Each structure stands twice: as C-alpha cells, then as structure tokens.
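Each remark here refers to the structure printed beneath this line.
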Amino acid sequence: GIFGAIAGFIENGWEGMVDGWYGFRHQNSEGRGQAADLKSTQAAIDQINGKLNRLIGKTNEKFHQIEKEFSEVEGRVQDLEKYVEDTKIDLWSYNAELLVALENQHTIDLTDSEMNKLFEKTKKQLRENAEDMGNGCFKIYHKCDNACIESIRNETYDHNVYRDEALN
Amino acid sequence: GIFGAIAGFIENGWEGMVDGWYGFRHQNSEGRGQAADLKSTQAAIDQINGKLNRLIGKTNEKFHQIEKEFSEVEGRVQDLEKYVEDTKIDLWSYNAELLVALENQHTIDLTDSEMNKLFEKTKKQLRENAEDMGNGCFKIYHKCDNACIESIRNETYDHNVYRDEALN
Amino acid sequence: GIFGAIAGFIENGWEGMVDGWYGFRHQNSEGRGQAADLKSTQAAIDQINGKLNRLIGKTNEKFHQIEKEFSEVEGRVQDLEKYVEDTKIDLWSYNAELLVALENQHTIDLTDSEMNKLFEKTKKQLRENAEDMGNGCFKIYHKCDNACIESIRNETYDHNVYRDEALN
Amino acid sequence: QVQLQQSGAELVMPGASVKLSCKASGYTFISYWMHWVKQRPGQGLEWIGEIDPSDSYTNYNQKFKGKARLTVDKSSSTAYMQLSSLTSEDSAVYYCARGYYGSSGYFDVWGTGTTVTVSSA
Amino acid sequence: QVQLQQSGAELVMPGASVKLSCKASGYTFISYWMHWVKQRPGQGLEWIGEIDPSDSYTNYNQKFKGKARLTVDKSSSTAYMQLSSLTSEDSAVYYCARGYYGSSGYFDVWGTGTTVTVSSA
Amino acid sequence: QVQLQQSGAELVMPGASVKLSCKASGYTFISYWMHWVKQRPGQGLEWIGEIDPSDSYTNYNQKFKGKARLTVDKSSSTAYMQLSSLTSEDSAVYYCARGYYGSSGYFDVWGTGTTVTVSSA
Amino acid sequence: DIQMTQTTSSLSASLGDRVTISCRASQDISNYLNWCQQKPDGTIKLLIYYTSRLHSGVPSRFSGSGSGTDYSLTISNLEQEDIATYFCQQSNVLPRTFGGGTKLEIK
Amino acid sequence: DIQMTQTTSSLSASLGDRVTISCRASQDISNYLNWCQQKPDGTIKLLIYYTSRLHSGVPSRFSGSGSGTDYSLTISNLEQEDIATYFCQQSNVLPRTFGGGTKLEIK
Amino acid sequence: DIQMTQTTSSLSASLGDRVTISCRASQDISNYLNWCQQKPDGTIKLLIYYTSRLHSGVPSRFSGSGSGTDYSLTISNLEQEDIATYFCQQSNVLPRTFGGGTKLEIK
Ligand SMILES: *[C@@H]1O[C@H](CO)[C@@H](O)[C@H](O)[C@H]1NC(C)=O
C-alpha cells in the first residue's frame, strides 16, 4: 500500500536534517530555511519503538531443549530430531524473513504521504489567492514571513485568504 | 498504511453508531441530523465477516494427537514430544499474535478515509461557488434542503452550481 | 488498505490494453484514442517479479526427510512422526494460505491509485480553466491535440493557462 | 441501565417561573439529543423543543418562543426547562425524552413526567 | 478463435441500397473497434470509417460523407454496413477488420470480404 | 571525520584581489550550508555571507556588498570567497564554517582560519 | 408543519384478535413515523422508528408499515398488557407533531 | 490528407534471399505504421504494428523499422509462402491511409 | 539590525567554581542563540544550538537557557581546559550578529 511520495514526488530530500524524521522547508523573503516536525516524527519513532518492543527484548526463556547437534548416526530417533529442528528452523527463518518483509513494507508505507494534513490546513486560505499546489513543493501564495511558517508548522494558522490580484 | 482520518481529521466523531458504522452529518436551516452510509457500513461489515469466516468456525478438525500433559520423566522421546509440542504452540502463538496484529492493523486501515468518494462527488458543485474544506467538517456551499443532502446520501447528485458568486 | 479506484471510480475499464497494465484513455477532436503508461505498468510488473523471485524458483533443497507414508502401526514414535508431519503440513498450509491472502491483498492494494501524479501534473494548468476535475475522467479544459496527451504520457507537460474561461 | 429521572410535582402562582429537571444517566450525555414532550390532561402529545448536549444548539416549536428555554449541565448529565409567564392553560405533564441526532429524532428512551399545576388556590 | 465471419456476394441496381454484415466471435465485442477497408480490384486499400461497439462513436473518411454509415448490434456481436446511392465505381471487395482502440488503429484481425458488384445487366 | 580544510596565509597589495578556499570533506556538500565568519584581531566575530551548495543561493550581509563574493565547486567539495578592493581595514582571520539549513544557521563545524594581511610593506 | 390525525378515535378488540390501527399525514413525510405506547399509569414507550423497524425489547407482535402519506400499525395477537393508548408522530420537518391519539380497549 | 506512397511498384527475389521493402510518407507520422500482407487468394493479415513490433503468430523472419518519414520492412530469409502484395499504413491523423502496394514475385 | 550586547567584558573564576555568563539582545530573538568558544590558539567550536540544546561531543557541564531577550550560559564545574573567550549570536533574522565576547580567566 504505497502512497508514492518519498519515492514519488519527494525526489531526494535534504540531508541537513538532524532534528527528526520529517521536514518543513520554506523560501521566505527573510531567507530560506528548514525545521523538522514535532508530532509526526515522534509518531513515526513511537511506532518504530512499538515494533521493537516485541522484537528487542521479550525473548522467550527456552531453558532446556533437545540436542541440536550430533556426532554419530543413530537412525529413526536421530533423524526425527534433525527433521523437527530443521523444520522449526525453516519455519522460523521463513517467519523472520516474512516478518522483515511485511514490516519493512509497512514502515515504508506509513512513512509516506501524511502531507494531506498540511494540504487541508493550507487549503482554505489557498483557495482564492491564485489557487493551490499539489506536490510536496507548496506554492503558498500567502505572502507571509517566518512567523507564518511558524504557524504552518505550529498547527495554529488563521486563514487570511488574499482577496485581489490573484489568478491573473 | 494509515490514511489519517479516524485518528486524523475526524477528531471526535459522534456516538450514534446504532444503524451503521459510517455516518453522514449535516447543518441546515431546517435542523441538523445524522444518517448512515449503508453501502460503506455494509462493505466494512462484509470484510469483517470475511475475516471471521476463516476464523469463526471452520476449525481444523484434528481428532487424535500426541500426549501433551505429562507425568514422571522418561528421558528420550518424552523430551522430544514436549519439545515438538512446545515449538508447535510457540509457532502457533506467534502466528496468532501476528495474525491479530496484521488483521487489527488492516481493519484500522480499511475502516479509514473513503471521504474521497464524497470529495469527488462534491468537487464539481464546490469548484465554482466557494471551495471545499477538509479540516474536520466538510463544508458544502450548496444552499439546499434535506432532499439535496438525501441525494448526497443516495449517491445521485446533479451538480447544480450557483454561478452568482465566484469566491466572495 | 484499499485505495478505492479499481473497484471505485474506475468502474468498468476498457478491455483492449494488451501492451500494458495501465493506460491513459482520452477523447480528442481528432479521435478518441488510448495509451499505456510504461512507467506504472513496468513498476507493477517489476514488483510482481520481485514477489515471484522468492516464490517461483529458488526453493529449499531439502534432500532427506522422515518417512511420511506409513503402514501397519508400530509404536508411539510412529504417532510422533505422524503428528510432527501433520503439524508441519498444517503450519505450512496455514502459512501458504496466509501468504496468498496477504500478497493478493497487497497486489490489489498497490495496483490501486497512484493516479494522483496525473492529478498534480494537470493541476497548475487545470486550476484556472473551469477549475478542478477529479471524477475519474480528467475533463481537461486545455483545448489541445494528441501532442498534449503525448506530453502527459511523457511526463513533460508545461502549463499554458487557458484564461478564456475563468469561471464559466 | 438508562433512565431519565425527573423531579416531583410542583405548584406555582399564575405568572410565576418554575425550572424543571431531568437527570440523564447510563449513557454519555453529549451523544444523544434531549427532547421535552408535554401531554395535556386528556389531550395529545406536543413537542416542545430540542437541544444538543454537546454545544447547546436549540430549536424551538413555533408556539413556544419566549415560553420555554432549554439548558443543560454537562458535568452532572442533566437538562432543564425554564418557564416564563405561566397561565392555567399550561398545567400538564412534561416528559423529558432522549433522541437520535437532529431531524430524525426518534425518542428511544422516555421519562416518567412531572405534574405541573398552575392555580391561585 | 477470433474470426470475423462475413456474408456472401450481392448484386443490386445502380442507385439502390445494400446492407452488409460481419459477425464477431471469440472475443468481447465492446473491447476493440471495428474498421472497414474497401479494395477495388487492381487498386489500393482504402479506409472508410470506424465505429465504437461500446457507445457507437462515428468517424468517417472525408470522401465518403453521406455515402457509408456504420451501425452495430451489441446483442448479436455484429457490425453492419449500409450503403446508399450506388454507382458503377462502387464495385469492390469490402473487408471487415478488427481494430485497436482509437487513433492507434492497427487492425489485428481481418476478414474475408464480400464481392459487391454494381451493374444493370 | 568532518573537517573544513583551510589554505595558508596570504599577503597582497592594497586594492588587489585574493581568492580564499575551504575544502569540505567527510559530509555531503549540498546538504549543509557553508558560512564564512570574519574575526579582526582583538575584535568580535562578524558574519560575512551564506550560500547554498545545492544551487548557489547567496544572501550577503548588509555591510558586505561588492566586497565578498561566494562561489562553490561541487565536484571537489570546496567553497571560495573573492575579495575586491582590499584595504587595511580588511586584515583579519577568516573562518569558513558549516551550518544548518537557512535562517536557523547554527555553525556546527568551524574552520581553522586564514591570516589575511593588507599592507604595502 | 405537518398535522397528523389518527383515523379512529377509539377502537376495541378482544384478546388474540388482530387489531390494525392507522393514521394519515397531511403531506408526504417520507419514511419518518414514530409510534408511542401511552400506558394508563403514565409510562411512555416508543414502538416503531423510521416507520418500518421496531425498537429493541418491544415484542415482535407490534409492527408498522406504509409509505408516502398513509401509514398503519398492525398487532398480530393481542394480550392483556396491550390495553393502552397509541400516538403516531412525524419527524420529517420541524416541528415534530404527534397524532390525535386512540385508546385501545377490550370489548 | 497524408499522400502516402510506395515507390517500388514491384520487386523480385529468390528463395532465401534477403528482400528489403520500403515506403515513404508525405509528413512525419511518428512511430505508427502497419504492414499488411495480402495473399493472392484474398486473406489479409497485419504484420508490423507501431512500426517496430510484430504481430503474434507471424514468423520471426519479418522485421520492420524506421522513424520520421522513411520506413522499411525487411525479410531476412524468403520462403515459398511469402509471395504476396504488401501495403504500409499510417494512422496518426484521420483518415488512415494505405500505401500504393507492391507485389513481391519469385525470380 | 539587532545590536546584540554581552553583559560582561571579562570575568574571572577559579577551578570548580560555577561561572554564569549572560548576554542580551535588543529585540526578541525567539529561541535562536548559539554560543561559541574560541581557544587562545584559534580553534572555534559551537556549544549551544537553538538556545537550549548542547552540541554533540561538548561536555555536559555547559548549559545555556533563557527566552525572549535575556539569555544566559552556565558552566557548572570549571576545569583547566575551559579557559576561553565566549561569544553568543542571534539567528532569528538576517544578518547573524555575534556578541561582544568575554574572556574567561583564572583568578
Ligand atoms: C505555537 O503553538 C504553541 C502551542 O502549540 C503556542 O505557544 C502558540 O500557539 C504558538 N506559539 C507562537 C510563539 O506562535
């Protein structure tokens, strides 16, 4: 269930981010810049940690098991033990490979899009000032300074939609 | 693969889930109200019942098995029988926990979004008088009555746009 | 995580697409043709082939195993061998049914949407001329010929604004 | 178990003011609407008004402007009516009723009712 | 097997009208288009028109307006040709051809043809 | 290990031109910005200018138009300043510094400095 | 705005009889009708909501149907606890209006 | 209208010879060309679609290429069943136009 | 242009003493303060970024805080290697401006 942003319309991203996992740039008149998100990066880290709770730690204390190596050959009782241990290892290795496949796919899928919150937040004030932008490169026609971007990242943004001199 | 509606922009939701899972809420001159999308709730209950059809009933009818509850120690084979029963349950318990995790995640994912049908239905009638809105509520500028909202619920809407005002 | 396009607003689909999985059907003054987006169907075929690389070919070379076909009864060790073989078969049959279910669900989920790229591509030259179309056929008001559909296929589309129709 | 408990019977002078009560319990207050229904003695049921417990959205009957006023207390899960300019024609039994949201308005749980008497005796 | 079965030969008056047939089989009719190709003996192949079996989209050659018309019957999987105002120049073999959708127009499956002859003898 | 390698000292004519260098290594050039900071002997550090290594976006300090000019070479991972119309007031130690993207601009990795002396002696 | 009137002022039937009660709206009220159980002591209970489905806990012998303007309520087999008064209510347009009422008695 | 021409009226080649046939369009017709094989009995078959790829079931010895306005069809090794008349078709703008035709013979 | 001023020209403290250094901005610079130490040989390193957090590799004894216009940097335990000159800068608006500097000495 890919969303087609990070491999889609976010072509490379920028590597000068040490403040989280998700970003917010700008091209204000008072110089460009960038800042990482607060709750979305924390949500991604929290679900990674929730994945790692059943992975890192919580290992089942299997104290006494069957002998898994042999020197001589005995036959029926020995190759049954080899068969059950080999089928357990094959089932658990398929389980490990499958688990890595599903939750690596899920990690790629959930760490994708969620731009829609910013899209809808910008939407109502970006309806009459020369319409909108749909990529991850929002042309926010609201002529606003760094405090405006602080309001964009700060989820508290009043909508002073810009009346005239729009749509040519 | 979350869609960011139910924990996203559906911040509260209302508590009349007595006729359907999904809802249709409105504001009117002639009083507010609430309905339930029979198509969407019937679809979701259909995937839930399809999930339960492999689970509720139709169990694997295994009559005779090896002895699992044990007694005073014998040495060989009993150790192998306990080992194979332990690993069988350990694999089945991991498999049940994994199945619960994937199907609860998939149930949260499929019971999510599907505003896009109503969004694309309403885009044509809000493209010219005001615009859309997606923050919580779904603002619709088309001034009409309970019959027009019924047509919205009926998925039979005629896209009659008031061309008098453009955006103000 | 269904996206609701192949079963949603793509309600019928045309049956002639033999060259590719997806396409860009159209209607022009000079003839309503067809298309095939090689990038999207190539991505889909590549991920199917990647799914089948773990499945079609490259199995596990399990040479010697336990005797599964049996005869007149011998002891408790025969019951243990039958039990471990049956639990392996039940685990692997559950596991194969689960694998088919997850990969068929994931194939249906990924071969679904990813048409938002066409949306965002068409937006900035569709935002002004009679506003925004998204109902499944992009009712593109850019009066053009097969060259523009070729550019849409080529992902080399500019934005020549059609200001003759701003509102109607 | 959901039950809309009410007060006892009360007697006022003509032109006085009385405030009724209906304490909702067993269900979350802000979910279902609160409706009041008046039954005159030997007459038909009449619908007084409707109130949203979530944000106090009120719609009144056309014959009840300036006469009935609906308020809620979300902390104690209760609803009130305010009565003004009372007359002997107003003596009836007032039933508080629950309801589905908005215009659909089927009153799934009813109330016991309080006898209100308006007389100078 | 995808074969466009076609009718036999006809002989009519100059100025009369004839109706040809081409029965499609082995594939879904509304998927691929129908095109008809006229070949006068000793001459080259000519394209006269195209139809859409899903909803009857009509596109004709410029030289044949009002002279050739295209109809389909979706129930019987049949494509029809009605001809009007016949002249001695019209005598040819009319090939019913399948067609890929729209302006791509590569005719993946062809037909056998009907010997259409116009004469007064 | 990240380090901003720095050239040796220069001693040029008054009014002449000099081109400093600062070769960045250990990190991708286009990601973090490059900043130059001037420190006179015994005085405070002064911020010269700021440049984007991805596409050469430059903002200059208000006192430094026509005196400092910032360029990069993305192949060898280095940054240059060009000085024009030098005067004895320009004699200082120029530190090339890294930075976070944009207006936030915290210089996480600094340089060793360059003694530039402007005199006719 | 829609007045509603019960057809019968008062109707009588015996135990086990199939009694049918109906009421008419002055306009089309779609499918919004509410049947109320006015017990003699004073306990009101709602029977039929959205003119077709019955409330939980109400016995299955109570059933109502109809469409447009003419609506009816049918009781298949009467019992001793059913001797009371019925009210039918519209809810399509504000305000809600109840019926005139009809007391069901034992003959 | 695209006046589309096959310059070679007829050509002869022996069995196993590599015969190359070509035709020219009056304008740039992109990469949409159709090669039609008409056997002398009357059966028409299309050979090369979209000027580069071949129809399934056609033997691999047939090959057509070209771009812009000049296009060609090359038969690597001729056989006895390849004696036919060949037409090349443009399809960009309405109407479609076939070539002049060229009857291949055995020398 | 923000004229940004350090409070103390020079301050002296002994080893292990808790030395507190502060600087004031002429306007509210939000939370954009960066502290620079210059060792006497010439090596400059960044200490505080975004007015609260410490750069990686810096010992934990350094600590800066404050908000609005008045900001401070606190050194808990003073060692021998901490003898340097301390500069604070603003980065809220262009251009960046450094402080006056303060040479910390051993008394
Ligand atoms: C940013 O949001 C915080 C709380 O989320 C609050 O201080 C205020 O709404 C905003 N602050 C500023 C400085 O705008």
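Inter-part distance, the range A:77-104 to the range E:5-36, computed on C-alpha centroids, equals 64 Å. Here the Karplus relation 6.51 cos²θ - 1.76 cosθ + 1.60, evaluated at θ = phi - 60°, turns the backbone of the range E:15-28 into coupling constants of x, 7, 10, 9, 10, 8, 9, 7, 8, 8, 7, x, 7, 6 Hz, with x for every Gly and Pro.
Please compute the contact order of the range E:54-94 in relative form: average sequence separation of alpha-carbon pairs under 8 Å and at least six residues apart, divided by the residue count, as a percent. All intermediate terms of the calculation are to be shown ahead of the outcome.
Working: 27 pairs, mean separation 11.9, N = 41.
It rounds to 29 percent for the range E:54-94.
Spatially, the range C:115-165 and the range G:41-107 are offset by 58 Å when compared through their Cα centroids.
How about the range F:63-121: which trypsin sites (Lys or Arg not before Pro) there lie in a loop by DSSP and see at most 13 other Cβ atoms within 10 Å? Display every interim value, and only then the final one.
Numbers: sites: F:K63, F:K65, F:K67, F:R69, F:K74, F:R98; in loops: F:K63, F:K65, F:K67, F:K74.
Passing sites in the range F:63-121 are F:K63, F:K65, F:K74.
Residue by residue, the range B:154-166 carries 3J(HN,Hα) couplings of 7, 6, 9, 10, 9, 6, 8, 9, 6, 8, 5, 10, 8 Hz when phi is fed to the Karplus relation 6.51 cos²θ - 1.76 cosθ + 1.60 (θ = phi - 60°); x denotes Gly or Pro.
Counting only chymotrypsin sites (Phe, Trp or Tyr not before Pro) that are in a DSSP loop and have at most 13 other C-beta atoms within 10 Å, tell me the longest site-free stretch of chain A. Each step should come with its number before you reach the end.
Working: sites that count: A:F63, A:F70.
With chymotrypsin sites (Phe, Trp or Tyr not before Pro) excluded where exposed in loops, chain A gives A:71-168 as its longest stretch.
Normalised by the number of residues in the range I:3-107, the mean separation of alpha-carbon contacts (under 8 Å, six or more apart) gives a relative contact order of 38 percent.
According to the square roots a ≥ b ≥ c of the eigenvalues of the Cα gyration tensor, what is the shape class of the range A:45-168, taking rounded for a/c under 1.5, prolate for a/b larger than b/c otherwise, and oblate for the remainder? Because a/c hits 1.5 or more and a/b exceeds b/c, the range A:45-168 counts as prolate. A Förster radius of 22 Å combined with the Cβ-Cβ distance from C:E74 to B:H64 puts the calculated FRET efficiency at roughly 0.90. Annotation for A:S151, label-to-label distances across the other copies: 3.6, 3.7 nm (shortest first, one decimal, point 7 Å from Cα along Cα→Cβ). Computed from label points 7 Å out along Cα-Cβ, the spacing between D:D55 and H:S30 is 5.3 nm.
Averaged over peptide F:43-52, how many Cβ atoms belonging to another chain are found within 10 Å of each residue's Cβ? Walk me through the numbers on the way to the answer.
Details: counts 3, 10, 10, 4, 7, 2, 1, 5, 0, 1.
Shielding by partners across F:43-52 averages 4.
Each other copy holds its own label point for B:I10; taking that point as 7 Å from Cα along Cα to Cβ, the gaps run 2.5, 2.6 nm, nearest first. Prolate is the label for chain H, because a/c, from the alpha-carbon gyration tensor with a ≥ b ≥ c as root eigenvalues, is 1.5 or above and a/b exceeds b/c. Here the Kirkwood formula puts the hydrodynamic radius of the range E:18-114 at 13.6 Å, using every distinct Cα pair.
Taking θ as phi - 60° and the Karplus parameters 6.51, -1.76 and 1.60, the scalar couplings of the range D:102-119 work out to x, 5, 5, x, 8, 7, 6, 10, 9, x, 6, x, 10, 7, 10, 10, 10, 7 Hz in sequence order, x denoting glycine and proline. Taking amide hydrogens as placed 1.01 Å from N in the peptide plane, the amide H of I:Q90 sits under 5 Å from those of I:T97, each at least 5 positions away in sequence or on another chain.
Backbone amide hydrogens, once placed in the peptide plane, bring E:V12 within less than 5 Å of E:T117, E:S119, excluding anything fewer than 5 places away on its chain. Close amide H contacts of F:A92 (hydrogens built in the peptide plane, cut-off under 5 Å, sequence separation of 5 or more or a different chain): F:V116. With Rh defined as the Kirkwood radius, the inverse of the mean 1/r over Cα pairs, the Rg/Rh of the protein assembly as shown is 1.06.
Of all trypsin sites (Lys or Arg not before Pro) in the range C:34-73, which ones are in loop regions per DSSP and have a Cβ with at most 12 other Cβ atoms within 10 Å?
Details: sites: C:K39, C:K51, C:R54, C:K58, C:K62, C:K68; in loops: C:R54, C:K58, C:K62, C:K68.
For trypsin sites (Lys or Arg not before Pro) across the range C:34-73 that sit outside H, G, I, E and B with at most 12 neighbouring Cβ atoms in 10 Å, the list reads C:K58, C:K62, C:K68.
Cβ crowding within 10 Å, taken as a proxy for footprinting-reagent exposure, orders B:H106, C:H159 from fewest neighbours to most as C:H159, B:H106. Placing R0 at 30 angstrom, the Cβ-Cβ distance between G:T5 and B:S151 gives a FRET efficiency of 0.45 after rounding to 0.05.
Applying a DSSP loop filter and a limit of 13 other Cβ atoms within 10 Å to the chymotrypsin sites (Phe, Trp or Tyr not before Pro) in the range G:74-104 leaves nothing.
What relative contact order, as a whole-number percentage, does chain A give when Cα pairs under 8 Å and 6 or more residues apart are counted? Write out the running numbers ahead of the final one.
On the way: 115 pairs, mean separation 40.8, N = 168.
So the answer I get is 24 percent.
Please tell me which of these pairs span more than 19 angstrom C-alpha to C-alpha: B:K123/C:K123; A:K117/B:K121; D:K38/D:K65? In this structure, A:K117/B:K121 lie more than 19 Å apart at Cα.
I need the calculated FRET efficiency for the pair G:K39 and A:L99, taking r as the beta carbon distance and R₀ as 60 Å, to the nearest 0.05.
With a Förster radius of 60 Å, E is 0.45.
Bridging of C:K68 to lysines at a Cα separation below 29 Å is possible for A:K62, A:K68, A:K82, A:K88, B:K58, B:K62, B:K68, B:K82, B:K88, C:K58, C:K82, C:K88, once same-chain residues fewer than 8 apart are set aside. Inter-chain neighbour count for H:88-94: the average number of beta-carbon atoms from partner chains within 10 Å of each residue's beta-carbon is 6. Charge tally for H:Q37 (other residues, Cβ to Cβ under 15 Å; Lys, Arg +1; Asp, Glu -1): -2. Here the label points at C:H159 and H:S56, each 7 Å from Cα along the C-beta direction, are separated by 4.3 nm in the simple model.
For peptide A:76-85, what's the mean number of Cβ atoms from other chains within 10 Å of each residue's Cβ?
Working: counts 6, 5, 0, 5, 10, 6, 3, 8, 12, 4.
Shielding by partners across A:76-85 averages 6.
Secondary structure note: in chain I, about 90% of the DSSP beta bridges are antiparallel. Scattering from the range F:71-116 was approximated by placing one identical point on each alpha carbon and applying the Debye formula without solvent; log10 I(q)/I(0) at 0.15, 0.16, 0.31 1/Å stands at -0.54, -0.61, -1.13. Relative to the other identical copies, E:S21 shows label-point distances of 8.9, 8.9 nm, where the label point lies 7 Å from Cα along the Cβ direction and values run shortest first.
A quick note on method: Cβ atoms are made from the backbone with ideal geometry, for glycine too, and the neighbour counts reach across all protein chains shown. The numbers here are math on the coordinates, done by the rules we state, and not lab data.
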